[PDB]
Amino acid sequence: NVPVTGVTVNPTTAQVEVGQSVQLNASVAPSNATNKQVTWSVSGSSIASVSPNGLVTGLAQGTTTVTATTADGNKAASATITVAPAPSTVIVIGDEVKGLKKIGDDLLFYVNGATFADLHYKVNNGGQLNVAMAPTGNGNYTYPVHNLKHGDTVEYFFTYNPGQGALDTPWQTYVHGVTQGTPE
């Protein structure tokens, strides 16, 4: 009855963090077109995911292209999606003695004021890993865990002696880009 003549996508560009969303909208012309259905597609599916109604979710750093195509006409229009890297900030999750710093997509585990310090940790459903943490050379220790992705669950505790004798901390859970703390 009333054929589509064209389509547009708004917003025309967008920037999202990994795990963060943005809603795209197809405007079909004319307004009283009989069939206004669109199909949403993405050329860089590693970088961003698109829902059946144009919700775009950032997965990995990069720039990709998200298209609406009309069932009637196969008129196409596109937005450019930029998935940003993690802010280059330091988030402290712990106290004066022990804990971790979120440093983009790495964690820096620390123990301060110890005669020794080990770390026991499991990433998601992977294996338990055990490590002696590295002495900074002044009585404190660091150990980095590398290249965490959004929604990673890290379970960990420490064995250190702070002067009175060896102790285990309790099991703690960190979920990457969910668990919060204090900027450094």
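In case it trips you up, residue 1 is the first one in the sequence shown, and so on.
Undergrad: Higher average CA B factor in the deposited record is what I'm after, so tell me if that's 48 to 56 or 30 to 38.
TA: Per the PDB entry, the higher value belongs to 30 to 38.
Undergrad: Regarding 148 to 156 and 39 to 47, which shows the higher C-alpha temperature factor on average in the entry?
TA: Higher mean C-alpha B-factor in the PDB entry: 148 to 156.
Undergrad: Using the temperature factors in the entry, find which of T64, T70, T67, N140 has the highest value at its Cα atom.
TA: Answer for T64, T70, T67, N140: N140, with the highest C-alpha B-factor.
Undergrad: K75's Cα B-factor: lowest, middle or highest third of the chain?
TA: According to the entry, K75 has a C-alpha B-factor in the chain's middle third.
Undergrad: For the chain shown, is the CA B-factor of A166 in the lowest, middle or highest third of its modelled residues?
TA: For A166, whose C-alpha B-factor we compare with every modelled residue in the chain, the answer is the highest third.
Undergrad: For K98, return the chain-relative third of its C-alpha B-factor as stated in the PDB record: lowest, middle or highest.
TA: It falls in the top third of the chain.
Undergrad: Relative to the other modelled residues in the chain, which third contains the C-alpha temperature factor of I81: lowest, middle or highest?
TA: Its C-alpha B-factor, which the entry lists for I81, ranks in the lowest third among residues of this chain.
Undergrad: Consider only the C-alpha atoms of the modelled residues in this chain, order them by B-factor as the entry records it, and name the third containing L108: lowest, middle or highest.
TA: For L108, whose C-alpha B-factor we compare with every modelled residue in the chain, the answer is the lowest third.
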